[PDB]
C-alpha cells in the first residue's frame, strides 16, 4: 500500500486512489466537528460569494476570511463553536480559504476524498485504509504555497497510524511527515509553534488551537459524496 504525503497542493498534481485532505487549523477539524454535532451534510464552496448564494436556502452559513467570521455568516471557522452549534440534521455551508482549495484540487483526480485532522485521525486513517486499493495520499493544505508545520505534523500522525494498521510504502513527503511527528511527540506543541496558530492568536482566536490538537476524539469522517453547483458535498462516513 503506497503511503504519500504532498506537503502543499499543486494544480498539476494527481492522485490515483485515496486522498486525506488536511487543514488542521482549522477547516478540516471544523468540518469533522460539524458532523460530530450531527450535521446532515457539509457543502464546501470555492469562494465567499458562492457560499453567500445558499444564504437563502435552509442552511447554516459558516466560514471565514482572514480567520474571522464574515458579517453575513451565521458562524465563523471555530471547531469549538461548530461542535456546540445547533446543526443536527442541518446542511452547513462552509467557505474557508486554504482548505477548500486543497479539497477541490484533490477532487479533480482522486477516487476518494476524505477530510482529516488530528481530531478524527484514527477513524479517518481506518476508512482510508478500508477504501484504498493502491495508495493512501495525504494532502496538506499549507498556506499560499508554503508548507504548514501543523498540517505536516497531522500528516505524520496519520502516516504513523496507517503504518500501525498495516504495511505501507512511504515516499518522500511521508518520510518528512513522520520526521515532523517524531520531532514533536506533543501535538499541542507542534500546533502551537505553527504559523497558523500564531495567525489565530493575532486575531484573538487562539482558544481554538487546543481543540485542533485533540487526537482521535471523534470518529466523524467527512467524505466527498457529491457536488451541487459549486459546492462539494461531504457526508459523515
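Numbering follows the first chain given and starts at 1.
Averaged over their C-alpha atoms, the temperature factors of 1-9 and 226-234 are higher for 226-234. A summary of the deposited B-factors shows that, of 184-192 and 61-69, the stretch with the larger mean C-alpha value is 61-69. Out of 109, 120, 154, 78, the entry records its largest CA B-factor for 109. Comparing the listed residues 27, 48, 178, 212, the entry records the largest Cα B-factor for 48. Split the chain's modelled residues into thirds by C-alpha temperature factor. Residue 172 is in the lowest one. Ranked by Cα temperature factor within the chain, residue 149 sits in the lowest third according to the deposited record. Per the deposited record, the Cα B-factor of residue 197 falls in the lowest third when ranked against the other modelled residues of its chain. Residue 105: CA B factor in the highest third of modelled residues in this chain (values from the PDB entry). When the CA B factors of the chain's modelled residues are split into thirds, the value for residue 85 lands in the highest one.
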